[PDB]
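There is one chain below, alone, in structure tokens, taken in the form deposited in one PDB entry.
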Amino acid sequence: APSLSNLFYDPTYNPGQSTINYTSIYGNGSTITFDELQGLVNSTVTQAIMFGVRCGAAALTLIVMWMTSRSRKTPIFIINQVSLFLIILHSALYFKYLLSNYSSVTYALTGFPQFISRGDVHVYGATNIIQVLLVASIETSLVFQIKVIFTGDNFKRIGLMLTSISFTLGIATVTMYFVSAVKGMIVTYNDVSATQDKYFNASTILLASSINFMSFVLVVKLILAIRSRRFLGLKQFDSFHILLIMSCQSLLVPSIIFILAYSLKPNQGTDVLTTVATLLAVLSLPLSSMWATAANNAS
């Protein structure tokens, strides 16, 4: 401590509007303010909290489902039980990504391609392959729940066609995710500082569409379970409607978060919303799968 400056005695001095000087690819003359630097740092600090919550939740959901189940060997159980595992693997390679040189303040401010090695591109590839192997599990789970809802003593007209639109939506979502992934990889392998992003913002809309369709079909099943019982002389539900509708026996909360995630402009946390809604969908599949295979009028 040789000597303090005079600005130490200024009550109204504002650090954050001060100047930072650095050398970039455009020479030794780039400048930035401390608040744009802090805005770059606060978005990494905000995207690590979410994925740590995801890893925690999914690990403690996997164990609890292993310990609290009566009827194992069911396909729906196995698919629900590997989706929670691909969530944890996706979150692991993203923590690997978040501490690497592709997410550094060095690359961000100074766009030098010498800072990117081979090994940073292979974890990007691997993460883009686990993201599509997770969407495929979600879609196959939804198509088995739909295939178990209406098949049976119910009318075969509606039931046979709703599995068709759900198989169609699932295969289209998976194919579009695969296309997006394989082109992004080509682009990145050609140039490290290149971005290809027109196919990620329609894959999310089709995942959202398929979840909204599952919510519609479960609401349909509930209205027909309140309509069939009154025709006969059997007693109705006392306070089961509130549990089914409100708690996520039907996928209404993830569906609302999805419809507010892409309708709203990006400046209102649109990236914080899809990440919460994918977690809530994968966490709500065990609860949507108990109502789906339940006696409509036998009980």
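Rigid core: the largest C-alpha set superposing within 1.5 Å between the two forms. For every residue, the number given is its place in the sequence shown, counted from 1.
The same protein also exists as the form deposited in another entry; that form is not shown, yet it is the one meant from here on.
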{"query": "Which one of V64, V41, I49, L234, by Cα shift of 2 Å or more between the shown form and the other one, core superposed", "finding": "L234"}
{"query": "Rigid core superposed: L280 CA moves 2 Å or more between the shown form and the other one", "finding": "no"}
{"query": "Core-aligned C-alpha movement of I32 between the shown form and the other one reaching 2 Å", "finding": "no"}
{"query": "Direction of Cα pair change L206-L264 in the other form, magnitude 3 angstroms or more", "finding": "farther"}
{"query": "Residue pair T173, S289 - Cα distance in the other form, closer or farther (3 Å or more)", "finding": "farther"}
